[PDB]
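**Q** Structure incoming, see below.
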Amino acid sequence: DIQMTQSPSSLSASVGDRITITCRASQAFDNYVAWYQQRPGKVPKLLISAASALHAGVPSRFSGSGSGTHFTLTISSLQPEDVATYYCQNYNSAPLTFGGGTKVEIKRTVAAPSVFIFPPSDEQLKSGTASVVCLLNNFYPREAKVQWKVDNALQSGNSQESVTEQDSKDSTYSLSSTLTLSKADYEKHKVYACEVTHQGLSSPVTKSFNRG
Amino acid sequence: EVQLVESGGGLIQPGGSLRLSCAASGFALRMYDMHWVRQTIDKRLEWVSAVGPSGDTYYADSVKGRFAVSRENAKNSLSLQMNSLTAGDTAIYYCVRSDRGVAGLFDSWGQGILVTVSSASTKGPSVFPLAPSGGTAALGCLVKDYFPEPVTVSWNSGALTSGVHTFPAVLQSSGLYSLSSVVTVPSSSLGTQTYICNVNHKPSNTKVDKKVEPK
């Protein structure tokens, strides 16, 4: 009970499919395993205790089994409202620890991103900094390769990405990549380009502008 | 029904002190063990401490000797004194009820309260337009260099919701947050329809409404 580990970190499946989350314990503790569901932006909720006992308001498509150190949570007919992070936890023992969580996503058909690029505003340039923003909108799967090139030079260590939660309507993701330079550095170069590789794109999509 | 309401959080310096409080309703505190559980930046859940009705206290090794938990049964309230704080204590803290009869079974959770520990001063965001340039057009606002979380962003004061994506904040190497908010609109609406992003940053009392013009 000293350490909980979950597998996998993330999984995808279509609406109506069956999935299984596994929780590995380093030591046995008389099978006192709880499962919690945390929907995006929401508070965790207790789903299952005693490894297999469903709690209030959870659909019968949820099930838990296992013993000793091997424990599992199964959803037998995956629904959009099941999209959440699931945590296992040992209780009635010490120390109280949680698994690292397993993120459950709905799998849909592949969808290429629409790509948009935004130069820095004049207002920001006045402040002495420049951010270039590359937007990848409404795509699936979440995995994407976003690379910055400045005058055909591959860029590293000066960009950060952020990804939305899966959209409740179309099951897609959106992603921002933001390239941040000093004003001087920005004005030192001409061509700014975001190159995007994705399963829905037969060839990479490059969105670019010339400074000015 | 059961309601757990946390208060007393916010932003504090390393080595500093905070007192979290939790007001409970829908049940008698005397009959339950009450816990504190936190969700750190890696989104991992971590049990922090617990107190029983008689006042017996328990602490996770990561906070033992630094935190002090207590309760007042008569007020149906509970508190967490958090001292000698470090950046690693940054988290959403939840007041939690344990199932009576079972130890560590968290059946009721509070709303959660954000605690940030950093040496960085509060700072309002600069808000910059992401200006649009064929059917569908994208535009946005860059909300840069603020601290601590959170900010709220709306478009047209909430009147525009469809196609809006507000990205989770990222911590920059400067130790300040940044995020963008974008919206997809018909490109034929550019030039005639007004788009304004409304940014509110309560911790710094900063309020910015930025009009995003084409090009």
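The listed protein sequences correspond, in order, to chains F and G.
When we follow my numbering, the leftmost residue of the first sequence carries the number 1, and every step to the right adds one.
When we follow my numbering, the leftmost residue of the second sequence carries the number 1001, and every step to the right adds one.
Think of the CB as a built atom: it goes at the ideal place given N, C-alpha and C, for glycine as much as any other residue.
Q124(F) CB to nearest chain G CB: under 8 Å?
**A** So, interface residue.
**Q** Distance check for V1048(G) and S1062(G), CA to CA, integer angstroms please.
**A** Roughly 8 Å separates the two Cα atoms.
**Q** Just to check my reading of the structure: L96(F) and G1104(G) have Cβ atoms closer than 8 Å, yes? What is that Cβ distance to the nearest angstrom?
**A** Contact holds; Cβ gap of about 5 Å.
**Q** Anything in chain F within Cβ reach of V1185(G), meaning under 7 Å, just list it in chain order.
**A** Within 7 Å Cβ-Cβ: nothing; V1185(G) doesn't reach chain F, min ~12 Å.
**Q** So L1160(G) packs on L1142(G), CB below 8 Å; how close in whole Å?
**A** With 8 Å as the limit, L1160(G) and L1142(G) do not qualify as a contact, their Cβ atoms being about 18 Å apart.
**Q** Which residues in the same chain have their Cβ closer than 6 Å to the Cβ of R1038(G), if we skip the five residues on either side of it in sequence?
**A** Once the five neighbours on either side are set aside, the close Cβ partners of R1038(G) are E1046, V1048, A1091 and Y1093.
**Q** Short of 6 Å in beta carbon distance, which residues of its chain neighbour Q1081(G), apart from the five on each side in sequence? Order them along the chain.
**A** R1019 and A1068, listed in sequence order.
**Q** Assuming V1212(G) contacts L1114(G) (C-beta within less than 8 Å), just tell me the rounded distance between them.
**A** Going by Cβ atoms, the distance from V1212(G) to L1114(G) rounds to 29 Å, so no, they are not a contact pair.
**Q** Going by the beta-carbon positions, is the gap between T5(F) and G99(F) smaller than 8 Å?
**A** In this structure, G99(F) lies closer than 8 Å to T5(F) by Cβ.
**Q** Identify the continuous beta strand (DSSP E) that holds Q1193(G) and give its terminal residues.
**A** Run containing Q1193(G): none; DSSP gives neither H nor E here.
**Q** Can you give the beta carbon distance from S208(F) to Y186(F), rounded, assuming they're within the 8 Å contact cut?
**A** The Cβ separation is near 15 Å, so there is no contact.
**Q** Kindly provide the ranges of any alpha helix (DSSP H) runs that are 4 or more residues long and lie completely inside the segment 65–153 of chain F, ordered along the chain.
**A** As far as the segment 65–153 of chain F is concerned, its whole alpha helix (DSSP H) runs of at least 4 residues are 122–127.
**Q** Which residues, in chain order, does the segment 160–172 of chain F contribute to contact with chain G at a C-beta distance below 7 Å?
**A** Correct list: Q160, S162 and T164.
**Q** Please go through the segment 1091–1116 of chain G and give each complete beta strand (DSSP E) segment of 3 or more residues, from N-terminal end onward.
**A** Counting only runs of 3 or more, we get 1091–1098 and 1106–1109.
**Q** Would you decide whether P8(F) is buried or exposed? Buried here means 16 or more other CB atoms lie within 10 Å of its CB.
**A** That one is exposed.
**Q** Return no unless some Cβ of chain G is closer than 8 Å to the Cβ of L46(F).
**A** At least one chain G Cβ lies under 8 Å of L46(F).
**Q** Give a yes or no on whether the minimum CB-CB distance between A34(F) and chain G is below 8 Å.
**A** Yes - at least one Cβ of chain G is within 8 Å of the one on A34(F).
**Q** Against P95(F), what residues of chain G qualify as contacts under a CB-to-CB distance less than 8 Å, listed in chain order?
**A** Per Cβ cutoff of 8 Å: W1047, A1060 and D1061.
**Q** For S177(F), which residues of its own chain have a beta-carbon under 6 Å away from its beta-carbon, when the five flanking residues on both sides are left out?
**A** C134, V146, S159 and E161.
**Q** With distances taken from CA atoms, which of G16(F), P44(F) and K169(F) is nearest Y86(F)?
**A** Among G16(F), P44(F) and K169(F), the Cα nearest to that of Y86(F) is on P44(F).
**Q** Candidates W1109(G), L1190(G), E1072(G) and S1118(G): which alpha carbon is nearest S1084(G)'s?
**A** Of the listed residues, the one whose Cα sits closest to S1084(G) is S1118(G).
**Q** Among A144(F), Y36(F), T102(F) and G68(F), which residue has its Cα nearest to the Cα of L54(F)?
**A** When only C-alpha atoms are compared, the closest one is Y36(F).
**Q** Please list the segments of the beta strand (DSSP E) lying wholly inside the segment 1035–1100 of chain G, counting only runs of 3 or more residues, in order along the chain.
**A** Here the runs fully enclosed are 1045–1051, 1057–1059, 1067–1072, 1077–1082 and 1091–1098.
**Q** Rounded to whole angstroms, what's the CA-CA distance from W1036(G) to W1109(G)? Just pull it up for me.
**A** If you take the alpha carbons of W1036(G) and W1109(G), they lie about 9 Å apart.
**Q** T178(F) CB to nearest chain G CB: under 8 Å?
**A** So yes, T178(F) belongs to the interface.
**Q** Among all the DSSP beta bridges, which residues are the ones paired with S176(F)?
**A** DSSP, once it has assigned bridges, lists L135(F) and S162(F) as partnering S176(F).
**Q** Reducing DSSP to helix, strand and coil, say where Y186(F) ends up.
**A** Correct three-state label for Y186(F): helix.
**Q** To the nearest angstrom, how far is the alpha carbon of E1072(G) from that of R18(F)?
**A** Going from the Cα of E1072(G) to the Cα of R18(F) covers about 46 Å.
**Q** Looking at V1185(G) and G1163(G), is the spacing between their C-beta atoms short of 8 Å?
**A** Closer than 8 Å, so yes.
**Q** Counting along the chain, where does the beta strand (DSSP E) carrying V1143(G) start and finish?
**A** Unbroken beta strand (DSSP E) run through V1143(G): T1136 to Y1146.
**Q** Whether or not the segment 1052–1059 of chain G and the segment 1006–1018 of chain G are in contact is what I'm after, with contact meaning three or more pairs of Cβ atoms, one per stretch, closer than 8 Å; do they touch?
**A** The segment 1006–1018 of chain G vs the segment 1052–1059 of chain G: no contact.
**Q** Strictly below 8 Å CB to CB, what residues from chain G border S174(F)?
**A** The answer, in chain order, is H1165, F1167 and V1182.
**Q** Can you check which of these residues, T22(F), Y91(F) and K149(F), is closest to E195(F) by C-alpha distance?
**A** Minimum Cα distance to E195(F) is reached at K149(F).
**Q** Check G1016(G) in the structure and name its three-state DSSP category.
**A** Residue state, collapsed to three classes: coil.
**Q** Contact defined as beta carbons within less than 8 Å: I believe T69(F) pairs with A25(F). What is the distance between those atoms, to the nearest angstrom?
**A** Yes, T69(F) and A25(F) are in contact; Cβ-Cβ is about 4 Å, under 8 Å.
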